[PDB]
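Structure 1 and structure 2, given next as structure tokens, are two forms of the same protein chain, each shown alone.
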Structure 1
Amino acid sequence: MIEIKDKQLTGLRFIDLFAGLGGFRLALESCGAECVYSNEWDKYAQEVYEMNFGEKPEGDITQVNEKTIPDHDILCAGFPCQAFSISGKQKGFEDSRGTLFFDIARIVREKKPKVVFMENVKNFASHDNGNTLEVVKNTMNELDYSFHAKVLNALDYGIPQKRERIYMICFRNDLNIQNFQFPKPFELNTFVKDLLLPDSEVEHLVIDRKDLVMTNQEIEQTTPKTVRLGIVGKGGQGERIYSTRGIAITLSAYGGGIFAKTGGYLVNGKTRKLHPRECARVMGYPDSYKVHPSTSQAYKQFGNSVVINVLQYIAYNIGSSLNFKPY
């Protein structure tokens, strides 16, 4: 989490949908915006949320009437990707029913926020030979919004982890915003080796194996790439060893293998899995954030979340365009 100097969104209100851990909340709250509504149905997630923020997000969203959602200026939603059963009139609003995205849209159509802010996985722009994107695009256009989207990788914004995701930023057409742009990349200076806790606190994550094979020499200088040092078992998902002097591999919420959701790292002669705290850090989160007591849920929650840093940079640029209005 990089801390922002110029608080561009002071005064502007927002809502937290599919809140999860509340990554969007931390990101916009660092730019001065204030939260007025939160929604998330996962029991284990609402718990870690009220632990930090003090409120229990509201329950199941498809049961919430849109006329009961507070006036707000920005709508945040890191929603789950689903295929659409669209054999209808080209693309559009109605062709959304049955999806979770539909809930976003039904809320936009009635509350008209100035901006709509979303994110999804890297292979979203190509899902179903192009028609998943198309639909989200044509639905926004119908509700009278501009549509900007680009794929960014977290190793380009100060976080050492390979991780491409798609960010979508929409502005109502009546605000006439034709100068917005995505953040520029910068050289990386923090590496996995810098995020580790002292060995004492991670002994119980060490995993010994006799079928361990070292394919490469250990790296001496830091690099902005993932460096594979060995294999365990067959050499597939969850059975690869990476260097602590390169970048961390993509955290996953539901991966398998011996080194399950975090991958395995060579740290001081032994091979271990990352701890939840070294996980928060690789996602951008700050040490003041109280993590969930169960290591299993925490790996799920973190692999599903957002890289804080990248969101902060875009939140700043949003405030920018909105705040530039000369005579």
Structure 2
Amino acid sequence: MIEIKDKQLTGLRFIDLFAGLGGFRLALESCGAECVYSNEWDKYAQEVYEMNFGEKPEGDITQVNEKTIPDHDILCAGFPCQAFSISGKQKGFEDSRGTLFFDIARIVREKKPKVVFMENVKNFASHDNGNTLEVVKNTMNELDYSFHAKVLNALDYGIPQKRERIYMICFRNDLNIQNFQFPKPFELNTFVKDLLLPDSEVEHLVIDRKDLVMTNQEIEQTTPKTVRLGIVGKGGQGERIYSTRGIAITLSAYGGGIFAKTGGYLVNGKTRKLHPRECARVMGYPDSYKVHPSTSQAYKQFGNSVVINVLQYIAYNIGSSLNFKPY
């Protein structure tokens, strides 16, 4: 993450829905805002959230009386992405886990926060011939909110990871917010190799397999792209190896494969998966962040987390727009 000195969000209060690891919290908190509520049903997710913030999130959002939610100014939610990701059976709203947005909508209707800040996968945009995005657009407008959305890739914001997500910022119609903008991209100066751990700490993640085929050769030049080097087995998800000289492929939560959830990387002549801490780093988490004790749950957690640095920039801008009230 980065340091912000013009804490544009100082007096505001926010809600951390689908908290997970708290990526949103870290993000807004660094801009001066204060988290007044958190929600997360996963036992293991609750444990890390507590380890790091001292709070234990409330349970299943579905059975929560919206009125019970504290007055808040910003609503943060990176709702479930399985039903929309290019990686699954795209059942969308028909999927048992595709309706959460509507819960967001009921919370919005009742609480009327100044800002709604959501995050989802890139395919959310194209899904069902854009009909899903549309339902989300109209619903929002209908509740009296402007709807701004853009697909941003983390590699354009200082993090060596290809993670194209769609960000939806909605402003209550009152405040004539006509000056909001998404952060301007910038050259990538940090690559995977820069975030790795000393070999001593990683020895146990090394995986030597015989069906390890090598398609391309290691590169000499650093590049802001996922340069694949090899494949293992049939080369499906989790069995593809990348160069630590490019950028990390997207980390996943339920991903399988021998290089389960992080993909594999050629580190100093050896083939291995990323260590939880490295995932944290690749998501822009500070090294002070305490990872969950079960590596399986740590990988899952980071798999569906959010790239902090990006949210920071966006949060800052959200701040700037709200603070421009000239005479």
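Reference numbering: structure 1, starting with residue 1. C-alpha atoms forming the largest set that superposes within 1.5 Å between two forms make up the rigid core.
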Is the form deposited without the DNA shown as structure 1 or as structure 2?
1
At a threshold of 2 angstroms on the CA positions, core aligned, which residue out of 114, 165, 106, 91 shifts between structure 1 and structure 2?
91
Please check if residue 181 moves between structure 1 and structure 2, taking a CA shift of 2 Å or more relative to the superposed core as movement.
no
After a core superposition, would you say residue 143 shifts its C-alpha by at least 2 Å between structure 1 and structure 2?
no
Establish whether a shift of 2 Å or more occurs at the C-alpha of residue 82 between structure 1 and structure 2, with the two forms superposed on the rigid core.
yes
Superposed on the core, the Cα displacement of residue 60 between structure 1 and structure 2 in Å comes to 0.9
In Å, how large is the C-alpha displacement of residue 253 between structure 1 and structure 2 after the rigid core is aligned?
1.3
